[PDB]
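Taking it in order: structure first as structure tokens, then the write-up.
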Amino acid sequence: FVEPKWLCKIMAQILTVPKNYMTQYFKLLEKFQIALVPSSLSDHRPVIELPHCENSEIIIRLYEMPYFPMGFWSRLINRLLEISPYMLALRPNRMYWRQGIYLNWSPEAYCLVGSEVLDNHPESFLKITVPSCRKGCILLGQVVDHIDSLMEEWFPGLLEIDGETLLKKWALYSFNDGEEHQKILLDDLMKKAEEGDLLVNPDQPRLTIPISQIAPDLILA
Amino acid sequence: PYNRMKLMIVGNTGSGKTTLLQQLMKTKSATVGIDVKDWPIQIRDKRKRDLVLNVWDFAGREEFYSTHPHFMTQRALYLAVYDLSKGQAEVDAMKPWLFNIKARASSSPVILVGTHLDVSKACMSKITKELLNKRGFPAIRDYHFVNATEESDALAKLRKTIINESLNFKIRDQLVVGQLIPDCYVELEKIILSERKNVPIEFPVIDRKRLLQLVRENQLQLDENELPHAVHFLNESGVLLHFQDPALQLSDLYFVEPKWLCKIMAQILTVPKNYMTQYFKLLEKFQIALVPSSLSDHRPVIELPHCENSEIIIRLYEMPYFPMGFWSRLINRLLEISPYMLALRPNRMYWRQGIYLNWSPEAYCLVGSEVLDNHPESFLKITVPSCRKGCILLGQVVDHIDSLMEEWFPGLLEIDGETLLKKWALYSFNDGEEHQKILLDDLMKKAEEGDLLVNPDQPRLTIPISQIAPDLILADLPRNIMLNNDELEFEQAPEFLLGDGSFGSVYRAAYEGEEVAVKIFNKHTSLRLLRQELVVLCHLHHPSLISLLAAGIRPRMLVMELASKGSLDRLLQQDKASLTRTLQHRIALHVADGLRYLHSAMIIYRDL
Ligand SMILES: Nc1nc2c(ncn2[C@@H]2O[C@H](COP(=O)(O)OP(=O)(O)O)[C@@H](O)[C@H]2O)c(=O)[nH]1
């Protein structure tokens, strides 16, 4: 491509609305993240009543950052496009919006990525919900690796240590027996440094939770 | 004589309703709720029949549309105001309202009223007299071009027409305006009207005990067993509202002054610490609770697991418009009450016009509005996988939808016959690879039950009717219950091989090498009730309960295991000596075991 302003203008033409190169046109349209148009996806979360409540049957992980990068969600949706299967096949149900994917195989083999806003926090979050079973653990591993790879490949400045690091990966655990709520949030690096043992324990050490059912990507589960 | 009838003032937003009403009653701000009132008409003719219309100024704004079909009854006259100013398009903008009057109250008059005559376009009578007269619409009986904000000869003629057209109602020659009632009913109505004044304004509700104290405190001779009939009749006339249903905890509270209830209920759609739980219960009864309205109206992208026309089952439902609160009641009805198995909670992705329950990649169910090209009508496409679990879901959904239509919107099924509701079934002779599913009306396929296949002009191709409409052929149930007509030796009706007790049409025959009793369901009735019976009896499976061997479509019959000695009634009436003490105890034990199993599954056998 010589005279690049023509390529860029032509590519941005369809976002406001050579018969030989039609297939190449579409290929580089996907390379620009235009193809299903990832932009103009109604921006409105549709109500989703998940099958599993109870804090001891789901695994949550957040991803905090001051804002979502420009083309963040588009590249992520494109990257997560059926490239994260529970098994090693079956195509899962998918309910996309502008900031989520929600692949769903079964009531115990689902995966919901999607922006979630919290009270008294101007920052942005990327809550990931996943069932606590084996198939759930597989999905969580793939998704975290995919997200981390994308960050390291496209947005390196969000990981450069100065050190708040501008990107703090949380892990929501609940010592509260699963019945009660308000999941205590623990920075991931601190839990990584807690690999010396195989359990997490509060001020009252009669309670305990295995780090597998909190962050099964660290312990090889 | 009961001189009282409901006047309902329908219309679109912004179009003059409360101002027309203020000038109709000579009683010299957006409506919230339905704003009930009542004006008495002292007719000065020789027949001085002093009648009292109670008006219902329906709110035009869309967010309230979920609660309106609860307050549309048959014994009522309708107005329909439509703002002449934006002529030639405001008439085509009120066809949804008229279609809804047609669905709910199919035999009630409608008096079209055109406001805003001061500004401008009076040739809107052309489209009113051509397209709006008889083509699926609720029998319009007058049309006026009136002004508001001032009384004149226009409003005078309009008021006299409302009066006249009211008195000559005559549903099947009944003359609603002058029927007879027990005197105790009108006495009860007068004491309620007096109680309207002596009650706290912050809470006008009255207690059933307070009502009992009131009816006793005066000479009203209404017995305790008579009160339900009386209070329900006053409900129909729009004096007081009440809900005798025991599913709610409201039957002790009798809503007097209904305009307060309606306004309070519609309060939350724009945004007494004891009755909070009852408040929420009747909030769901009005379809307000998760608020089914304001659900973003935008279908979210859904990439289903299964493409290929030979692996999914589609059914449409065509109608000119969706009724007012249609999708709300449907979502509420489909709320986890249709499980694939007989347990597991499924994934759900609601929007304003869909549900999409989803268990597994082969056990999903997607209901939702789907619009087609070159078709101004509305559709209700249902997608479902072709497997067994899919078939179960499709049966439940169709039965739920059909029940809702017959219960709430009867006018959408009344045969004249286009019927205003044409259920399609999308089949594809094209081997599944190719596309453009040929659509076949369901009644025609029902008439094609003589065979068990569908065949095109080129009969080398064929498709079994199971993989098209598994609710007609008995395949939606679990456990294939086909009859295998070869084994049967049934004799149609010789006045012989009869069950002997004439309980139904049950005969006697031999099937699978054993004697069996065959109940012949075949009659003028449809296959709904047959499916209802078949489901209940297909998964109970207890030794005390009678077990079903098979069922069959041609002709409609169901094959039950034969009881050798017949009913217990005949045995005790004619063979009393045969009952030993041990035998009596065994009969009692078996019946008790049946009741125990039935109550385990939360079923009440009632009459035993
Ligand atoms: N000038 C004029 N204004 C009218 C006429 N009919 C209605 N309006 C206007 O309509 C408004 C009333 O709207 P309203 O019926 O209360 O809305 P609704 O409660 O949603 O039905 C008033 O502000 C009137 O000015 C008319 O014939 N002439």
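Residue B:227 label point, 7 Å along Cα→Cβ, cut-off 20 Å on backbone N: hits in the stretch B:190-213?
Taking a point 7 Å out along Cα→Cβ of residue B:227, the residues of the stretch B:190-213 whose backbone N falls under 20 Å are B:190-200, B:204-213.
Looking at the protein assembly as shown only, what percent of DSSP beta bridges run antiparallel? Nearest 5 please.
Just about 75 percent of them are antiparallel.
Compute the distance in nm between two label points, each set 7 Å from the Cα along the Cα-to-Cβ direction, one at residue A:219 and one at residue A:47.
With each label point 7 Å from Cα toward Cβ, the separation is 3.8 nm.
Using only the Cα atoms of the stretch B:472-561, build the gyration tensor, take square roots of its eigenvalues as a ≥ b ≥ c, and label the shape rounded, prolate or oblate: rounded if a/c is under 1.5, else prolate if a/b is larger than b/c, else oblate.
It comes out rounded by the Cα gyration axes.
Arrange A:3, B:407 by Cβ neighbour counts within 10 Å, fewest through most, would you?
A:3, B:407
Roughly how many debye, to the nearest 20, is the charge dipole of the stretch B:135-175 about its Cα centre, given +1 on each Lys and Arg Cβ, -1 on each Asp and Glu Cβ, and no other charges?
With only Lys, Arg, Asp and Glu charged at Cβ, the dipole is about 280 debye.
Beta carbons within 10 angstrom, averaged per residue: use that to sort the peptides A:106-114, B:56-64, highest first.
Descending packing order for the listed peptides: A:106-114, B:56-64.
Normalised by the residues of the stretch B:540-593, what does the relative contact order come to in percent, with Cα pairs under 8 Å and at least six apart?
27
To the nearest 20 Debye, how big is the dipole of the stretch B:14-84 about its Cα centre, given +1 on the beta carbon of each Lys and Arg and -1 on that of each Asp and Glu?
For the stretch B:14-84, the charge dipole is close to 600 debye.
Applying 1/(1 + (r/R0)^6) with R0 = 35 Å to the Cβ-Cβ distance of residue A:120 and residue B:278, what FRET efficiency is obtained, to the nearest 0.05?
Efficiency at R0 = 35 Å is approximately 0.50.
Would you work out which of B:550, A:55, B:51 lies farthest towards the positive end of the dipole of the protein assembly as shown, given +1 charges on the beta-carbon of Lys and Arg and -1 on that of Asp and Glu, about the Cα centre?
B:51
Please name which of B:447, B:506, B:32 has its Cα lying farthest along the dipole of the protein assembly as shown towards the positive end, using unit charges on Cβ (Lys, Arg +1; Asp, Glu -1) and the Cα centre as origin.
B:32
Please list 3J(HN,Hα) in residue order for the stretch B:99-113, calculated via the Karplus relation 6.51 cos²θ - 1.76 cosθ + 1.60 where θ = phi - 60°; whole Hz, with x for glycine and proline.
Karplus values, whole Hz, x for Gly and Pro: 4, 6, 4, 5, 5, 7, 10, 5, 10, 10, x, 9, 10, 4, 10.
With a ≥ b ≥ c the root eigenvalues of the C-alpha gyration tensor of the protein assembly as shown, is it rounded (a/c under 1.5), prolate (a/b larger than b/c) or oblate?
Because a/c hits 1.5 or more and a/b fails to exceed b/c, the protein assembly as shown counts as oblate.
Under the definition of partner shielding as Cβ atoms of other protein chains within 10 Å of a residue Cβ, what is the mean value for peptide A:89-101?
Whole-number average of other-chain Cβ neighbours for A:89-101 is 4.
Just to confirm a number: summing +1 for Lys and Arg and -1 for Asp and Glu over residues other than residue B:433 whose beta-carbon lies under 13 angstrom from that of residue B:433, what do you get?
Around residue B:433, the charge tally is -3.
Quick one: 3J(HN,Hα) in Hz for the stretch B:487-499, Karplus 6.51/-1.76/1.60 with θ = phi - 60°, rounded, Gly and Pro as x.
These are the phi-based 3J(HN,Hα) values: 5, 5, 10, 5, 10, 4, 7, x, 6, 7, 6, 8, x Hz.
So what is the relative contact order for the stretch B:147-225, in percent, with contacts set as C-alpha pairs under 8 Å and at least six apart?
So the answer I get is 19 percent.
Over the stretch A:83-221, how many percent of alpha carbon pairs lie in each 10 Å bin up to the one with the longest distance?
All Cα pairs, binned at 10 Å, distribute as 9, 36, 38, 15, 1 percent.
I'd like the FRET efficiency for residue A:198 and residue B:296, computed as 1/(1 + (r/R0)^6) with the beta carbon distance as r and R0 of 60 Å, rounded to 0.05.
Once the sixth-power term is evaluated, E becomes 0.85.
How crowded by other chains is A:40-53, given as the mean number of beta carbons from other chains within 10 Å of each beta carbon?
5
Rounded, prolate or oblate, given the Cα gyration tensor of the stretch A:41-135, with a/c below 1.5 counting as rounded?
Since a/c reaches 1.5 but b/c is at least a/b, the shape of the stretch A:41-135 is classed as oblate.
Where does each of B:348, A:79 land when they are ranked from fewest to most other beta-carbon atoms within 10 angstrom?
Going from least to most buried by this count: A:79, B:348.
Cα centroid distance between the stretch B:221-249 and the stretch B:196-220, in Å?
First find each Cα centre; the distance between them is then 14 Å.
Taking amide H atoms as placed 1.01 Å from N in the peptide plane, list the residues 5 or more away in sequence, or in a different chain, whose amide H sits under 5 Å from that of residue B:312.
Close amide H contacts, sequence-distant or interchain: B:386.
Find how much the distance from residue B:212 to residue B:142 grows on full extension, using 0.36 nm per residue of separation minus their present alpha carbon separation; answer in nm with one decimal.
20.7 nm
Considering the dipole of the protein assembly as shown built from charges on the beta carbon (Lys and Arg +1, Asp and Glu -1) around the Cα centre, which of B:181, A:161, A:146 is farthest to its positive end?
Result: B:181.
Please identify the trypsin sites (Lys or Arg not before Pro) of the stretch B:566-608 that satisfy two criteria: DSSP loop assignment and at most 13 other Cβ atoms within 10 Å. Which are they?
Passing both the DSSP loop test and the Cβ count: B:606.
Could you tally the net charge around residue A:172, taking each other residue with its Cβ under 9 Å from the Cβ of residue A:172, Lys/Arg +1 and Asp/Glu -1?
Here the count lands on +3.
Only bridges whose two residues both fall in the stretch B:1-145 count here: according to DSSP, what percent of them are antiparallel, nearest 5?
Antiparallel bridges make up about 15 percent of those DSSP assigns within the stretch B:1-145.
How big is the dipole moment of the protein assembly as shown about its Cα centre under a simple scheme where the beta carbon of each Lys and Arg is +1, that of each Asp and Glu is -1, and everything else is neutral? Debye, nearest 20, please.
Using Cβ point charges on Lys, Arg, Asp and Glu, the protein assembly as shown gives about 2760 debye.
If you take each beta carbon of peptide B:345-353 and count the beta carbons of other chains within 10 angstrom, what is the mean?
Partner Cβ neighbours, averaged per residue: 5.
Could I have the simple spin-label model distance between residue B:165 and residue A:22, label points 7 Å from Cα toward Cβ, reported in nm to one decimal?
5.8
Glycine gets a Cβ as well: all are built from the backbone with ideal geometry, and neighbour counts include every protein chain shown. Every read-out reported here was derived from the displayed coordinates using simple, explicitly stated rules and does not represent laboratory data.
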